[PDB]
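A single chain comes next, written as structure tokens; it is the form solved without the named molecule.
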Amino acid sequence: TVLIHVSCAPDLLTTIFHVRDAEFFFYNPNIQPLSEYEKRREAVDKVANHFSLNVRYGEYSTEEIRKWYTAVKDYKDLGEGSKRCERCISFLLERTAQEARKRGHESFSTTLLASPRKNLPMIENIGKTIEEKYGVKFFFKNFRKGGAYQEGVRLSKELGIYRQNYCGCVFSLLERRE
């Protein structure tokens, strides 16, 4: 069994075309503000109910966000795709791999591997670094191949699932406004 970090419902929809016995872990203190976190979480919940997925919801709180910001703040001023995002993704995946140890999963992964905007090599490198540090296997798949991303868009449109237009953190919202 594999514990798969869930970033958002569109990425989840892409991912589940290619996985069948996973437990999903929605953990995203990078998402601000709270109203946006709640909207994305409710979209994930909608997908999970529709397909009977097993999703666990991680902590979201002042303390959790402060830990995340502490981990990414020395690089605030680099764009997206830089070392800021490397630290961000490593924070999320480290918490996922810890949770996988705690729940008896021998493998972990992330729906960010389904995200058209993210750097697949950077994520593989992070997952394998964490695999080394915690001895939980990182399951890599290019979840976007097979045109699976389009399958995710189609199901999103049908199920009426919210599709966000910024990565999640305050930095990415500011870059959205440019």
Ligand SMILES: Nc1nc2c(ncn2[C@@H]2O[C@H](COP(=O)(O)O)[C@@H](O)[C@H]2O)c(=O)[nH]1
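Numbers for residues come from their place in the sequence shown, where the first is 1.
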| item | value |
| --- | --- |
| Per the entry, higher mean C-alpha B factor between 60-68 and 27-35 | 60-68 |
| 161-169 versus 7-15 - which carries the larger mean C-alpha B factor in the record | 161-169 |
| Residue 92 - which third its CA temperature factor falls in, relative to the rest of the chain | lowest |
| Assigned third (lowest, middle, highest) for the C-alpha B factor of residue 124 | middle |
| Chain-relative CA temperature factor third for residue 137 | middle |
| Ranked against its chain, the third holding the CA B-factor of residue 145 | highest |
| Residue 50, C-alpha B-factor rank within chain (lowest, middle or highest third) | middle |
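Although not depicted, the form solved in complex with the named molecule is the subject of the following passage.
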query	finding
Placed ligand check: the named molecule in the bound PDB entry, overlay by site C-alphas, backbone/C-beta within 2.4 Å	open
Residues 95, 125 and 137 all lining the named molecule in the bound PDB entry, heavy atom within 4.5 Å	no
4.5 angstroms heavy atom contact with the named molecule in the bound PDB entry for residue 99	no
Any non-hydrogen atom of residue 109 within 4.5 angstroms of the named molecule in the bound PDB entry	no
Contact flag, residue 154 vs the named molecule in the bound PDB entry, heavy atom cut 4.5 Å	no
Exercise: residue 17 in contact with the named molecule in the bound PDB entry, heavy atom 4.5 Å	no
Contact residue in the bound PDB entry, chosen from 57, 69, 149, 37 - any heavy atom within 4.5 Å of the named molecule	149
Within 151-178, the residues that have a heavy atom no more than 4.5 Å from the named molecule in the bound PDB entry	163, 164, 165, 166, 167, 176
